Amino acid sequence: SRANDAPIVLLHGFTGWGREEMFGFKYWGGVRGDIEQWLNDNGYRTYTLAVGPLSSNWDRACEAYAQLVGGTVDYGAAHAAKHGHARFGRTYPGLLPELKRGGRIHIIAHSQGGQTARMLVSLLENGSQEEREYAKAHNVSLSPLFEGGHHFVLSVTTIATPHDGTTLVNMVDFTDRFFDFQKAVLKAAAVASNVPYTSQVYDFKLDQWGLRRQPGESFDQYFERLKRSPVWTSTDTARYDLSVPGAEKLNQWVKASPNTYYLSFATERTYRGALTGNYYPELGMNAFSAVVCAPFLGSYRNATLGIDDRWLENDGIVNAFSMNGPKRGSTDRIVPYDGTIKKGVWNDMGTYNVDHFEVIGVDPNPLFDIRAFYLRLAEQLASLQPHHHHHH
Ligand SMILES: [Ca+2]
Ligand SMILES: [Zn+2]
């Protein structure tokens with residue numbers, strides 16, 4: 001039945017928060033409950049990571065590592081010099097100090113979470129040649145995360161991840177539209193955007209950039225400030241990594257480890273129009289996605305960028321064609337699931353009829369058994385064999 005005892009770790013996208021944030025409301029579960037809890041009750045040790053939702057995958061990856069092993073976030077000296085932010089972040093206690101002693105984990109990531117998870121794997125296993133070269137060139141200390149040689153991750157599961165980016169950013173008004181997604185998760189959780197709460201509520205963890213919501217500042221007001229900040233204007237952001245070109249770049253160095261299993265899940269909440277060839281939002285898609293983005297994703301074409309008709313289908317925020325695994329600028333192989341979970345290859349699990357937010361329970365969908373979906377997932381992860389024997 002079960003082949004391993006690795007704990008499961010949860011990871012979010014451009015939206016996300018800690019278990020104690022959003023007054024109880026969990027990113028993993030939302031209006032449908034508590035995912036991390038359900039899995040623990042069913043006997044699968046499960047934890048949750050909270051990283052900078054608008055930060056680049058690199059920053060998140062450094063935060064994920066430190067949050068898992070414990071310590072102060074070290075973004076890398078060369079990295080910090082190149083982007084002009086702090087080298088050191090926040091300090092963590094360490095969710096799983098067992099990792100530094102031979103332990104392994106299973107990473108279930110959603111949205112942009114999937115790129116982060118890939119990146120963390122590639123850094124753990126290979127480190128950063130540039131970071132290593134800069135350490136000795138300028139005699140600065142070096143994070144273990146940049147030496148290579150770690151083997152913490154048994155598997156990586158991706159759900160609605162923009163492996164090849166999303167064409168949602170190509171919107172002319174993407175800046176304003178995008179912060180409406182943060183406003184939306186705030187409403188999902190019953191939190192207003194026009195109110196200066198004195199309690200944090202939603203920490204964007206921008207310690208490296210020196211940004212934070214201040215006194216008598218409503219999320220709306222704070223979002224206006226962010227838009228003009230490096231978090232939204234520099235390449236070292238989630239906005240860059242989310243774009244087609246940015247993903248392509250990330251795809252060029254972030255490869256699938258041969259020692260790690262990879263699982264892909266794709267989402268889709270659309271229908272094809274017979275005369276236009278466009279995709280249109282289905283009944284039950286969240287109102288923010290259905291009004292502005294869903295129509296853009298299913299009609300947006302760009303020949304020079306490589307955007308044709310296979311990119312139309314979407315989950316209201318991310319193109320479905322970009323979820324089965326990195327393709328643009330990648331050497332990673334993808335194989336359709338045939339009952340056998342191979343290692344070092346993207347095991348394409350197919351497309352599911354749920355939106356970007358229905359998969360995590362942030363948006364409701366009673367036609368979707370979210371409990372069964374994540375219980376099936378973990379049962380599958382526990383059955384993964386650490387070392388598989390070659391056979392007939
Ligand atoms: Ca819905
Ligand atoms: Zn950075």
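Residues numbered from 1 in each chain as written, not as in the entry; some residues may be left out. Chains lettered and ligands numbered in written order. Heavy atoms only, no water.

As recorded in the PDB header, X-ray crystallography is the method behind this entry, and the stated resolution is 2.700 Å.

Heads up, the condition is: UniProt positions are given in the numbering used here, feature names are shortened, and annotations may be inferred rather than shown by experiment.
The name given to the protein chain in the PDB entry is Lipase, with the source organism recorded as Geobacillus stearothermophilus. UniProt lists a comment for the protein chain under the heading Subcellular location (unreviewed entry), and it reads "Secreted". UniProt, in the comment section headed Catalytic activity (unreviewed entry), describes the protein chain in these words: "a triacylglycerol + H2O = a diacylglycerol + a fatty acid + H(+)".

**Focus: the packing of aromatic side chains**
Formally: Between the rings of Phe, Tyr and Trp (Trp by its six-membered ring), a pair exists once the centres lie within 6.5 Å; its type follows the angle of the planes, with under 30 degrees stacked, over 60 edge-to-face, and the other angles tilted. Working definition: with a 1.4 Å probe on protein chains only, accessible area under 20% of the residue-type maximum means buried, over 50% means exposed, and in between means partly exposed. For the purposes of this entry, the term helix denotes a DSSP run of H or I that reaches at least four residues, the term strand denotes a run of E that reaches at least two, and both are numbered from the N terminus. Only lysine NZ and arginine CZ atoms are considered, and such an atom sits over a ring when it is within 6 Å of the ring centre and within 35 degrees of the ring normal.
Applying the stated criterion to the full structure yields 31 aromatic pairs. Ring centres of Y27 and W28 lie 5.7 Å apart, and the angle between their planes is 75°; on these two criteria the pair is classed as edge-to-face. By relative accessible area, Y27 is classed as buried at 2%. Arranged with centres 5.6 Å apart and planes meeting at 80°, the rings of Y352 and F373 form a pair that is edge-to-face. With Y352 in strand β11 (residues 346-352) and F373 in helix α12 (residues 370-382), this pair connects stretches of sequence that are 21 residues apart. On the accessibility criterion, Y352 (28% relative accessible area) is partly exposed. Sitting over the ring of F219, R213 keeps its end group 4.3 Å from the ring centre. Across the ring face of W38, the terminal group of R371 is positioned such that the distance to the ring centre comes to 4.7 Å.

**Some remarks on the coordination of the zinc ion (ligand 2)**
Cut-off, in case you're wondering: Each metal's donors comprise the N, O and S atoms found within 2.8 Å of it (within 3.2 Å for Na, K or Ca). Water is not part of the atom list, so some coordination spheres may appear incomplete.
Only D59 (OD), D59 (OD), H79 (NE2), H85 (NE2) and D236 (OD) from the protein coordinate the zinc ion (ligand 2), and they sit 1.9 to 2.7 Å from it. Sequence positions of the donors to the zinc ion (ligand 2) reduce to the motif D-x19-H-x5-H-x150-D. With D59 in helix α2 (residues 57-69) and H79 in helix α3 (residues 77-83), this pair connects stretches of sequence that are 20 residues apart. Of the two residues, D59 and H79, neither departs from the other in class, the shared state being buried.

**Observations concerning α2**
Note the cut-off: To estimate the expected span of a helix, count its residues, drop one, and scale the result by 1.5 Å.
Compared with the 18 Å implied by 1.5 Å per residue over 13 residues, the 18 Å span of α2 between its first and last C-alpha is a close match. Here α2 lies mainly inside the structure; 13 of its 13 residues are buried. Directly beyond the C-terminal end of α2, a positive phi value near 95° is found at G70.

**Remarks on the nonpolar core**
Under the convention used in this document: Residues belong to one nonpolar core when they are buried, are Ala, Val, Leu, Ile, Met, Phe, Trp, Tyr or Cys, and are joined through side-chain atoms within 4.5 Å. Throughout, a contact is declared for two residues whenever any of their heavy atoms are within 4.5 Å.
Residues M22, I159 and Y374 are the most contacted members of the largest nonpolar core, which totals 67 residues. Element by element, the count of residues in this core is highest for α12, at seven residues. Setting aside residues up to four positions removed in sequence, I159 forms contacts with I108, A109, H110, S111, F265, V359, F373, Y374 and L377. Counting residues in hydrophobic clusters, the runner-up holds 36 residues, among them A66, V69, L96 and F152.

**Some points on the UniProt feature "binding site: Ca(2+)" (unreviewed entry) in the protein chain**
UniProt's feature table lists "binding site: Ca(2+)" (unreviewed entry) at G284, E358, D363 and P364, given in the numbering used throughout. These annotated residues cover 81 residues of sequence, but their C-alpha atoms sit close together, with the largest distance between any two at 9.4 Å. Within the element layout of this structure, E358 appears in the loop between β11 and α12. Setting aside chain neighbours within four positions, we find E358 in contact with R269, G284, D363, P364, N365, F368 and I370. Among the secondary structure elements, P364 is positioned in the loop between β11 and α12. Contacts of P364, omitting those with residues within four sequence positions, involve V31, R32 and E358.

**Regarding the packing of helix α6 (residues 174-188) against helix α7 (residues 219-227)**
What counts here: Axes here mean lines fitted to C-alpha atoms, for a helix over just the part in contact, with angles spanning 0 to 180 degrees between N-to-C directions. Here a crossing is called left-handed whenever its near helix is offset anticlockwise from the far helix by less than a right angle, and right-handed whenever the offset is clockwise. Residues are grouped as follows: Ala, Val, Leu, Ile, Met, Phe, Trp, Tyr, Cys and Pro are nonpolar; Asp, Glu, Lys and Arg are charged; all remaining types, including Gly, are polar.
Interhelical geometry of α6 versus α7 gives an angle of 145° and a closest axis separation of 11 Å. Like other packed secondary-structure pairs, α6 and α7 cross with a definite hand, here right-handed. On α7, the residues touching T175, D176, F179, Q182, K183 and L186 of α6 are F219, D220, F223, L226 and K227. Broken down by class, the residue content of the contact of α6 with α7 amounts to five nonpolar, two polar and four charged.

**Examining the environment of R19**
The condition that has to hold: Counting of polar contacts relies on pairs of N or O atoms within 3.5 Å, with two restrictions inside protein: one atom must be capable of donating a hydrogen and the other of accepting it, and residues adjacent in sequence are counted only when both atoms are side-chain atoms.
Position of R19 among the secondary structure elements: in the loop between β1 (8-11) and α1 (35-41). Separated by 15 residues in sequence, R19 and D34 place their C-alpha atoms 9.4 Å apart. In terms of polar contacts, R19 uses its side chain to reach the side chain of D34, at 2.6 Å. Reaching out from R19, the side chain makes a polar contact with the side chain of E36 at a distance of 3.4 Å.

**A word on the coordination of the calcium ion (ligand 1)**
The calcium ion (ligand 1) binds to the protein through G284 (O), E358 (OE), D363 (OD) and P364 (O); the donor distances cover 2.1 to 2.7 Å. Each donor residue of the calcium ion (ligand 1) lies on one chain, and together they are spaced G-x73-E-x4-D-P. Both residues of the pair, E358 and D363, count as buried.

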